[PDB]
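Below sits a lone chain in structure tokens, taken as the form deposited in one PDB entry.
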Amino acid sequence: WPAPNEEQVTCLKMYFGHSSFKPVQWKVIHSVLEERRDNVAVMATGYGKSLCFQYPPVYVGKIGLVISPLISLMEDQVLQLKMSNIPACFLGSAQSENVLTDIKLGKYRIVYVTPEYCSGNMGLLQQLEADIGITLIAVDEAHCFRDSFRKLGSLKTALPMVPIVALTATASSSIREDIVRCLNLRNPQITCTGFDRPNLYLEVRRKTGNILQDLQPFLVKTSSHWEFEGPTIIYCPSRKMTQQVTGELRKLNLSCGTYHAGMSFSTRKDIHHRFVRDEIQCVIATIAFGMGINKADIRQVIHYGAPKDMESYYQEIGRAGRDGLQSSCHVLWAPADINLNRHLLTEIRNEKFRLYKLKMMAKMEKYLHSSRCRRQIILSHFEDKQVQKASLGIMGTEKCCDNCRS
């Protein structure tokens, strides 16, 4: 494996602020830049998946195409890029003609587009590659599904020289093969970023049948006022449970924001941004709240109800402690929550992924009932080459998990 040169490291520091590339980030970046190779990267939350597709077009001064149906989330990525002096935009049906002319003139490094727009404008994409050059096409599977990827199968046929970086939130081997055939990838480099988040203390406790009684141990009294220790996310299995929990917390005059897909994108965006600006201390959310939170100091994550499955749990708690400081992740559960989760696993159309999720769910109930190290149970899914000294140094201590405490 080759090392990045001074031009490469200086570009990383100037436009991204990082002094070094993480091992898997450099494997993906180098393979796209030098070998023009398709990549499939199994991405664990918190690693740094964005640099894999944002950095290459910035370094070569060309276009990087980012595909996702989530337009609602593209503004924050575009706005963040423009703040780091990286020209970026959203390209769509409702975009002005002057933005499209500026894309054709090579004024934008990162162009965010939907799968739907791609399908209807393949000729524009071919013109863009011939005249300007497309460094890469990035596709996040977590942002979508096979029906949305069916429109993207013509990408490798129309742009054979443009490498595709497909990012996925699951280690499922059948999903990996589905994304390879859906996008017609050619000899893709397969990488994975599974890692321990050692600054996350883990704890599981049983629900008492009373919301305030369950959440009271997490609250501190600052002079006379009840509040959380720091920025907190409470995950609920339903929109109705987010409303119940919020209503109870507001009886204590706690600074809250509810977040779920029943609220408009405008109301949701408002809650998210109030959390980032620290105007609200707690966000009570369904799993709809998670992607691109852009909050480094989440101190506490509470799953108010058993998590759907072990893999989902691993990904959701990864939104805590992005600053590297001490954070806590608590699960509050009852055996009746498990009965409910089981029924929702039959509503998976891929029987190969449904069985994968069923093994992940069986691991979840074992994890919840266990007397063993929580971190050891989660890390038992990774190869030893990914478990480092920092993780071993934390396991067996008070800062690891409830079962490692005395």
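Whichever C-alpha set is largest while still superposing within 1.5 Å between the two forms counts as the rigid core. Numbers follow the displayed sequence, beginning with 1.
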Unmodelled deposited residues flanked by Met241 on one side and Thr242 on the other: none
Between the two ranges 46-54 and 23-31, the one averaging a larger CA B factor in the entry: 23-31
Mean Cα B factor from the PDB record: higher for 227-235, or higher for 77-85? 77-85
Which one, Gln281, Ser264, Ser154, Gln95, has the peak C-alpha temperature factor per the PDB entry? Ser154
Highest recorded Cα temperature factor - choice among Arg277, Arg181, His303, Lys251: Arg181
Which third of the chain holds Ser68 when residues are ordered by C-alpha B factor: lowest, middle or highest? middle
Where does the C-alpha B-factor of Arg375 rank in its chain, lowest, middle or highest third? lowest
Among the modelled residues of this chain, does the Cα B factor of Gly209 put it in the lowest, middle or highest third? middle
On the chain's distribution of Cα B-factors, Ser327 falls within the third called lowest
What third of its chain, lowest, middle or highest, does the C-alpha temperature factor of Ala169 fall into? middle
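If you look for the form deposited in another entry, you will not find it shown, but the lines that follow are about it.
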Quick one: with the rigid core lined up, which of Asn184, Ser174, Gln189, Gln243 moves its CA 2 Å or more between this form and the one not shown? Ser174
Does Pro87 show a Cα shift reaching 2 Å between this form and the one not shown after rigid-core superposition? no
Cα of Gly48 displaced 2 Å or more between this form and the one not shown, core superposed? no
Taking the rigid core as the reference frame, tell me whether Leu70 has a CA displacement of 2 angstroms or more between this form and the one not shown. yes
Shown form as baseline, in the other form, CA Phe21-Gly290 shift of 3 Å or more puts them farther
Closer or farther: C-alpha pair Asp297/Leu73 in the other form, relative to this form, given a change of 3 Å or more: closer
